[PDB]
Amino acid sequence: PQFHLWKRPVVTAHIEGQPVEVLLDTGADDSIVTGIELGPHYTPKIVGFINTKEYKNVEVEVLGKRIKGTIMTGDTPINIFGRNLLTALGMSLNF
């Protein structure tokens, strides 16, 4: 199916079973989310320049698909699913 873009494309995803609302952002290369607790097993990352925790091989369910991917958690004003997850979800921009 398709999503029209009149409204900001915010959907609900479950990351490791924890619900979160995210923005499907074609302007972002990576994904960062907050408000969930993925655990002690992460790689500290630095991306202003905030401090994030990188989790790899995480199960995410959104839009009827269940994938495994990488996600970063940290102080972000918006929860965003960037192109690294959009591609793993088989999403494209149509015109």
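Throughout, we count residues from 1 along the sequence that is shown.
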{"property": "Residue 67-residue 68 interval: deposited residues absent from the model", "result": "none"}
{"property": "Residue stretch of maximal mean CA temperature factor, 1-9 vs 86-94", "result": "1-9"}
{"property": "50-58 versus 23-31 - greater average Cα B-factor per the deposited record", "result": "50-58"}
{"property": "Ranked C-alpha temperature factor of residue 80 among modelled chain residues, by third", "result": "lowest"}
